[PDB]
Undergrad: 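Below: one structure in structure tokens.
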Amino acid sequence: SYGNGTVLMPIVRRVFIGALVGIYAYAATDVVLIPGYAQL
Amino acid sequence: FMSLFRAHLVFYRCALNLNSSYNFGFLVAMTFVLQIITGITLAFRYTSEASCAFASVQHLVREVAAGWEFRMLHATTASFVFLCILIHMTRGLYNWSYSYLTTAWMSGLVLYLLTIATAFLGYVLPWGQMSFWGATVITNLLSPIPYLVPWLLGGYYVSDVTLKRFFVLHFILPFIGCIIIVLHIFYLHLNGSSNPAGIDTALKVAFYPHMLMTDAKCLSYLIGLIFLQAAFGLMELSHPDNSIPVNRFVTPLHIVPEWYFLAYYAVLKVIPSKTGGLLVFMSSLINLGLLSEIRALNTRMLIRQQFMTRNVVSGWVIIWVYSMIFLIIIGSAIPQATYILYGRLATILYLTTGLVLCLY
Amino acid sequence: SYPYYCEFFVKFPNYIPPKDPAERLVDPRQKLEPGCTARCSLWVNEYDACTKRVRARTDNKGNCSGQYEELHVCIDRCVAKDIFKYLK
Amino acid sequence: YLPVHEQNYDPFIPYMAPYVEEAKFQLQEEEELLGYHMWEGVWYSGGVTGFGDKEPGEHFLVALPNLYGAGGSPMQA
Amino acid sequence: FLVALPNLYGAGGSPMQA
Amino acid sequence: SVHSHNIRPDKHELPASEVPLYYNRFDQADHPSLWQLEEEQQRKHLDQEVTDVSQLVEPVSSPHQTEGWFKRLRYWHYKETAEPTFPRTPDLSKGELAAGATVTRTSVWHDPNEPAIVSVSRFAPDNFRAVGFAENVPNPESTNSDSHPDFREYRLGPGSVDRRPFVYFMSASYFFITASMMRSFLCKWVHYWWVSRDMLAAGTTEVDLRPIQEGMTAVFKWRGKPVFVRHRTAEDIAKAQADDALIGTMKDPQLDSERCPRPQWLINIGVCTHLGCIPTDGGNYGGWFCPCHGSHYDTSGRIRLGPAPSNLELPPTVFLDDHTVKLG
Amino acid sequence: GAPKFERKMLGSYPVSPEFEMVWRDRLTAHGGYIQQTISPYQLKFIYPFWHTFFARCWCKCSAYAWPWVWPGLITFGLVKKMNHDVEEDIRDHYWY
Amino acid sequence: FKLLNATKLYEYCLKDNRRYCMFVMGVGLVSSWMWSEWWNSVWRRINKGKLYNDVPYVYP
Amino acid sequence: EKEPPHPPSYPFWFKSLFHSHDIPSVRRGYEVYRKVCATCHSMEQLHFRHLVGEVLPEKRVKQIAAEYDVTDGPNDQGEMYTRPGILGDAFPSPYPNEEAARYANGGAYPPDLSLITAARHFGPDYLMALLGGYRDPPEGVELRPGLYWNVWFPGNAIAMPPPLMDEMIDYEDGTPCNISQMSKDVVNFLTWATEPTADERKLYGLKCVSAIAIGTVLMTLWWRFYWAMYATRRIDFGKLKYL
Amino acid sequence: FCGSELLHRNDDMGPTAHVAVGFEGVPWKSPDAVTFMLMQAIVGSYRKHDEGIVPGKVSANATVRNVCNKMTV
Ligand SMILES: CCCCCCCCCCCCCCCCCC(=O)OC[C@H](COP(=O)([O-])OCC(O)COP(=O)([O-])OC[C@@H](COC(=O)CCCCCCCCCCCCCCCCC)OC(=O)CCCCCCCCCCCCCCCCC)OC(=O)CCCCCCCCCCCCCCCCC
Ligand SMILES: CCCCCCCCCCCCCCCCCC(=O)OC[C@H](COP(=O)([O-])OCC(O)COP(=O)([O-])OC[C@@H](COC(=O)CCCCCCCCCCCCCCCCC)OC(=O)CCCCCCCCCCCCCCCCC)OC(=O)CCCCCCCCCCCCCCCCC
Ligand SMILES: CCCCCCCCCCCCCCCCCC(=O)OC[C@H](COP(=O)([O-])OCC(O)COP(=O)([O-])OC[C@@H](COC(=O)CCCCCCCCCCCCCCCCC)OC(=O)CCCCCCCCCCCCCCCCC)OC(=O)CCCCCCCCCCCCCCCCC
Ligand SMILES: CCCCCCCCCCCCCCCCCC(=O)OC[C@H](COP(=O)([O-])OCC[N+](C)(C)C)OC(=O)CCCCCCCCCCCCCCCCC
Ligand code: HEC
Ligand code: HEM
Ligand code: HEM
Ligand SMILES: COc1cc2[nH]c(C)c(-c3ccc(Oc4ccc(OC(F)(F)F)cc4)cc3)c(=O)c2cc1Cl
Ligand SMILES: O=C1C(O)=C([C@H]2CC[C@H](c3ccc(Cl)cc3)CC2)C(=O)c2ccccc21
Ligand code: FES
């Protein structure tokens, strides 16, 4: 917002949301899908 | 610096209805100061050599005046550090303190990470079986990157070099703690504390007479309880197996970390992929960090009242607490299929109820 | 860390004198064992059952260490109530 | 608890609405007409970091504005 | 020294401008 | 402050001109002064008696508002999702609210019969008040309910004792327990720097004197310190005894016969009385010389020159045999 | 902290440093008020606590029933059922 | 309270803070030692015939 | 693997909060340890200094220490020698190194007992149970030579032979000897040896906790003293109600 | 004599606050009455508007002096 000094927490917000999407994608690939393809 | 003392700890004005649940910060600070005193006086007689560390700790107990007292106070006050921190965290999950105390909440998380590191480094210094094999496990856990583990160890395996640098690091970190505490309090008093009612009120009252006495009362209780447990040994907080000298080629037949590490241990028991293991810790900590800017994740204007009193729905924080306790229970037990099954149930609950805090 | 942990409301026995100075050249446990043996009869029952079934099955693998362990844990947990009355 | 005869009212009346809507209008127009770019400033001058703040010493790197004297307050300038 | 650092927030001030 | 607002467009949350979460019925006045009148003409629910929870008036707004996965709280009022360029027109016939954007970017305030300057004057936010406002909104007279106890039932009145003694006795008691505990802590901490219980410094030893030769000095270990045993020559004895005539001049006068109960045997603690160094062979008086600051001792142990304040200290000793000695 | 329109003072005397926090949190007394207090040397101070004990305790315990105890009971249930499952497993897998 | 007020402890020992401190220190000093010796006696009373002093060793 | 059972709780004199150790039992336990258990175990942390005044009189302890040859040196020729033990020396040990200990005990290592009750679950109750625990094998199980069945040792098979035998030792106070009595007395002795500072610790604890509790009462009163002045305050809006 | 406060908070009457504080005194006929008459004078009074010829910052009365030098204003 205009007239405010908080400028570094928004960046961390976007980085964190990014990182969680990342982690969940990789976890689905690692723990579920790759084994599943051995059971498919 | 006296004028600051008066501005922040004497004339500072609080809300009338701050009950005991707002006294636990002061308490963790006090356990810090106390742990520092006993630390320094333990360092004067400790030996940082793999050949003789163990007997160095035994010499304090056997042949030194009041030798036993400082070791046992230091050992027992750690448990209270962690217990007070967990109460202190849960209070602010319950109240949604992080709605406006954004940077304070971030600082809190950093302090908790510091405390975990400090405790675990301490846990290796007496140099028994549990110490050696715990260090082995946690160093293998951060293996994904080449050469980082032999470098941090100092060596191809846990060694006297490792002991020396763990001792120095355990010396240093608490004081960095203290600096971050000053930072913490800066962010806090920039805003001002919340009520249990979560309203804004003008019925304020100064600190020195009313709230200082409650701080003192709780302080008396805590000093009491620490000495009770320290002198008489009511609870088996620490497992016996650190009482055995180290053997590099034989593990102990039964394994139980310190209680404040059991939940983590439970995860490492039940998730198949080791990287999945580590990623669960990383993800949960990232989720907690994300709460600092919860006001942005939605366009409805936010309130701090969670209306958990009389509520049949309860609240996600309570489910989180019970899931965590269940994980401690399962942590403690042997590896068996049924324990693992209920482990995985509890783990899913623990992860989901943390994710869901953002969905108002 | 501690050698032991305190127990609340423990009951401390008075030393029952032996009726004959020679009476405790033989282990007092022998005088408490019968009663407890009678109290843990269900474990004896199950151990004998398993013994029979193991001897019968004929595929040549089997054992009854479980039920044996339970039997003797029962007997010991019974004996522990009175053994210290007979020791100084 | 209060007596039950003190509790005979409807708590969910919306008495703030006409004012919240006006506030939203007024604070939206300022974003539109002033906040549309990432403006550039002088760093660590005037008690403000320079990246956008307009109240002195609200951030850690601009804490402790004085070393001597009696200080002061922003509201009395 | 024991009356150093009069403020923790704000812009400070000077005695000569009171 | 350090806190942003979050006015932005949103696709999960429609604007409040589209979907208000509050109950959208408001009365409107030509001038806010008129709101005075209603406060002295309406009835109020808090002026009337009820006795059971089941008699409390029922809320006007519906329970069924907010939906979605994992949403505990089902009721809200206000949101800051942003308005479009052309807002939805309020229908004043249904008593809907007209405020901010919907006054500026809408024709709502228009009336055929009236000047525009007069017409717009009725759409300030003070001219609107919800339905039920005068009947339900509380306005306390005190923080204290008449059904609870205040100081009047606890005040100590005429006839009462003085309680200063009791108060200050209470706090003095607290403090003297506190001080005892603090002193105990400091005493334990001091004691913890003291020497350990394994050391004890106890012991005694014996020495066989057959192998020694005249003019030789032997050295032995005793209670952590060195001890010299010397088989003096006749000339060493004579050197010691010649300086008995100059005892006047010495810093620590003593005669040789005391220091050698057997004249040919000299025994001392091997340590400089100045600051603890170990004297070496030689010096100006055929005795010993300390290299750390330059003290000299004679052939009997006596301090002749330098900063050391006393002679070499005699250990507690006994001759067991003609040829064996006991230390300690 | 407080909004700028609340922390605007009527006086003009310089705020002393030891009062910083006091005036950062200034708030207006809209409508004014009257208050009375008695010196604690002229009050009873342990009888007022017990005199109002039952009301306070009813309130506190009522507030916590559903949110804390009911999930607690469910969790205790789950532990008991887990124990059942384990004590049956240990015989199925290893007893003949 | 009338009894306590009659002892005039406040007038002489607690109304002046220097005397308040003197009182605190001295009462500490004496009370601590009395408490200690009393607990010593209890520890000997409960444990009679179990401690080292109560059952001398007799040489063979 | 399996969850091992939990021992029963025996009423040892010390496991109350107000009780000390029971010194006659400690003397008898020490005698048992010397005559039996010191054949294969060690207590490297114990010195005879520890027994004087706490368990035994000094004279007797010196005479005990004199029974052993203890190695010392070097001498003037740089050779080592043997001398009679003194009050300052640690307890002797039966094997020169772990390898020899394993060589004499079929591969297993007899642990050092200097902290044994603090190095096991349920401590003395476990040790008391273990010494009782030797029994014949169950149906369907057989153990290889030099291995024994015990119902309280984890996994039930243990390398230590049956430990106790009636009148294998004798007492100087006159008490009759049997395996149960020896069990009680040696467990008492080892529990003491695990931390001789126990009684000091507990007696200090009592004073500390009592005084701190009295403190707590006083501070509670002081806190309520200030609670009551604002809990009972009156605030009125508009006009004065009561006075 | 009761030790209590009675405060009327009001922010719509300008910048000035008025206060009075009281202690328990002695009767007309008490021996110490005169001493009380003297103590009242030892503390004395002050006005910022009208001051005589002695500046408050140098006055012989220490209470006036301490009040007039606070924060230099
Ligand atoms: C095993 C599996 C699990 C793994 C773990 C997974 C964990 C996941 C969850 C993560 C949780 C959150 C982590 C932190 C996120 C921070 C995000 C952020 O930027 O927030 C912005 C936010 C403010 O943003 P804003 O509102 O937009 O305000 C705009 C302002 O302009 C902004 O200015 P301002 O003045 O208002 O703000 C203060 C300013 C300025 O602050 C200061 O000047 C304070 C300086 C204090 C120094 C004291 C010594 C500290 C030494 C490091 C200790 C690390 C301990 C780590 C714990 C584990 C130990 C093993 O600091 C910042 O802005 C933050 C800078 C980045 C902080 C990073 C902290 C973490 C890493 C630090 C260590 C890095 C590794 C190398 C060194 C390791 C040595 C052990 O700031 C905070 O909330 C920070 C709170 C304080 C916490 C950090 C305190 C330490 C500061 C260290 C600074 C770097 C130097 C390090 C030492 C190097 C030489 C040795
Ligand atoms: C102690 C400090 C030393 C003193 C000196 C100060 C040092 C700081 C210098 C670095 C800053 C250079 C960049 C200049 C930007 C100028 C923009 C402008 O016109 O200003 C207005 C503009 C704010 O006006 P506004 O747009 O009206 O405000 C609305 C909000 O910003 C909300 O806007 P929104 O929500 O619409 O989103 C806008 C957002 C949209 O974009 C995003 O949100 C993208 C998110 C994607 C995720 C990926 C992460 C993005 C962050 C990149 C970080 C990489 C840098 C580190 C590289 C390490 C290399 C070793 O825009 C950006 O993110 C663009 C700016 C990003 C730049 C951040 C990195 C700049 C550092 C470059 C030098 C790196 C060398 C460092 C060496 C190692 C030591 C640190 O300024 C900023 O946004 C500030 C950005 C820079 C961060 C603040 C600087 C830190 C100050 C605190 C010191 C903490 C030190 C802790 C250590 C303590 C030791 C003890
Ligand atoms: C190789 C093998 C392969 C095997 C494959 C097998 C695959 C099986 C998959 C099963 C999937 C089941 C779920 C189907 C969902 C269908 C959704 C749908 O059709 O949506 C249409 C439609 C979507 O439209 P919409 O616009 O979203 O409207 C819906 C609203 O948004 C809704 O919002 P609203 O406002 O209308 O409602 C209020 C709202 C808000 O309500 C609340 O907030 C109330 C909360 C009250 C909580 C009180 C708790 C107090 C007690 C605490 C006790 C302590 C516990 C903690 C401590 C314990 C110790 C650790 O309610 C909810 O949020 C309800 C949440 C229900 C969660 C159910 C979760 C089921 C999980 C099943 C397991 C899945 C796998 C797990 C992970 C595996 C590993 C990755 O939704 C509906 O019409 C509503 C349907 C709702 C259905 C819920 C009940 C489902 C029952 C499924 C039974 C499955 C049995 C499986 C047996 C398997 C045997 C092998
Ligand atoms: C400067 C370093 C000092 C270190 C202190 C250690 C000293 C030795 C051990 C204690 C000795 C006994 C105490 C001194 C005597 C009492 C002082 C005195 O004169 O009383 C003045 C006064 C006594 O007031 P009073 O009202 O009781 O009586 C005075 C009035 N007359 C004379 C009329 C009776 O004490 C106070 O008012 C102190 C206010 C605080 C009370 C509560 C304190 C409890 C602790 C709070 C938290 C502690 C954590 C913070 C510490 C940081 C480190 C962790
Ligand atoms: C040589 C014949 C021994 C004598 C005499 C005693 N012990 Fe021992 N002990 C010995 C061996 C070879 C072992 C190894 C057992 C194994 O399974 O590896 C042990 C072991 C113990 C233990 C450990 C128990 C455990 O659960 O780990 C204890 C507590 C123990 N022994 C105690 C003990 C006592 C009290 C003795 C005197 C009565 C004693 N032992 C004698 C060898 C020998
Ligand atoms: C928050 C602060 C601290 C915490 C939480 C902490 C935690 C711990 C823990 C858990 C142990 C294990 C003790 C045991 O297992 O018996 C330990 C041991 C130790 N700590 Fe720390 N510690 C802190 C501060 C310090 C400081 C400041 C120092 C020194 C300056 C220090 C020095 C030591 C030493 C020497 C040991 C070894 C104890 C032993 O060998 O018996 N500690 N610490
Ligand atoms: C060494 C560790 C810590 C210390 C010394 C500490 C200290 C304090 C103190 C003294 C307070 C004010 C009084 C009180 O609340 O008790 C406080 C408040 C607070 N702390 Fe901590 N804290 C620590 C850890 C944490 C952690 C781990 C978190 C969060 C994860 C946290 C978040 C908060 C919040 C949100 C508040 C204010 C809550 C509110 O005002 O409603 N702190 N802390
Ligand atoms: C019950 O309700 C409350 C209790 C509270 N208790 C306390 C103890 C404080 C507090 C802590 C520290 C402080 O200043 C300090 C910072 C850092 C230091 O450094 C270190 F390491 F702690 F010593 C010391 C000192 C100033 C104030 C509060 O604000 C506080 C607020 C509320 Cl609402
Ligand atoms: O197998 C383990 C094990 O898994 C851990 C674990 C417990 C959790 C610890 C931990 C996990 C996460 C964090 Cl953020 C901090 C500590 C890491 C070591 C131990 O502590 C341990 C100690 C001794 C022997 C074996 C073991
Ligand atoms: S130490 Fe010998 S002369 Fe100084």
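In what follows, chains carry the letters A, B, and so on, assigned in the order in which the sequence lines appear, proteins first and then strands, with residues in each chain numbered from 1. Values reported hereafter were calculated over all heavy atoms of this structure, with side chains retained and with hydrogens, waters and symmetry mates removed.
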Undergrad: Can you tell me which portion of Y23(F) sits under 4.5 Å from chain D's heavy atoms? Options are side chain, backbone, both or neither.
TA: backbone
Undergrad: Write down the atom of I13(D), the atom of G132(F), and the distance for their closest heavy-atom approach.
TA: CD1-O, 4.0 Å
Undergrad: Tell me, side chain or backbone of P14(D) under 4.5 Å from chain F's heavy atoms, or both, or neither?
TA: both
Undergrad: Is it the side chain or the backbone of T104(F) that comes within 4.5 Å of chain D heavy atoms, both, or neither?
TA: side chain
Undergrad: Is the side chain of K24(D) donor-acceptor paired with the backbone N or O of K79(F) at a distance under 3.5 Å, no angle test?
TA: yes
Undergrad: Side chain, backbone, both or neither: which part of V4(D) has an atom under 4.5 Å from a heavy atom of chain F?
TA: both
Undergrad: Rounded to the nearest 0.5 Å, what's the gap from OG on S147(F) to CD on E6(D)? Could you check?
TA: 7.0 Å
Undergrad: So, for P125(F) and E22(D), which heavy atoms are closest and what is the spacing to 0.1 Å?
TA: CG-CG, 4.2 Å
Undergrad: Run the ring-centre check on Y22(F) versus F12(D) and record whether the distance is less than 6.0 Å.
TA: no
Undergrad: What is the minimum heavy-atom distance between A17(D) and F26(F), and which atoms define it?
TA: CB-CZ, 4.1 Å
Undergrad: What pair of heavy atoms forms the shortest contact from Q7(D) to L46(F), and how long is it?
TA: N-CD2, 4.4 Å
Undergrad: Checking heavy atoms, do the side chain of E58(D), its backbone, both or neither come under 4.5 Å from chain F?
TA: both
Undergrad: Short question: side chain of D10(D), backbone of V57(F) - any donor-acceptor pair under 3.5 Å?
TA: no
Undergrad: If I measure from the heavy atoms of chain D, does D126(F) come under 4.5 Å with its side chain, its backbone, both, or neither?
TA: both
Undergrad: If I measure from the heavy atoms of chain F, does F25(D) come under 4.5 Å with its side chain, its backbone, both, or neither?
TA: side chain
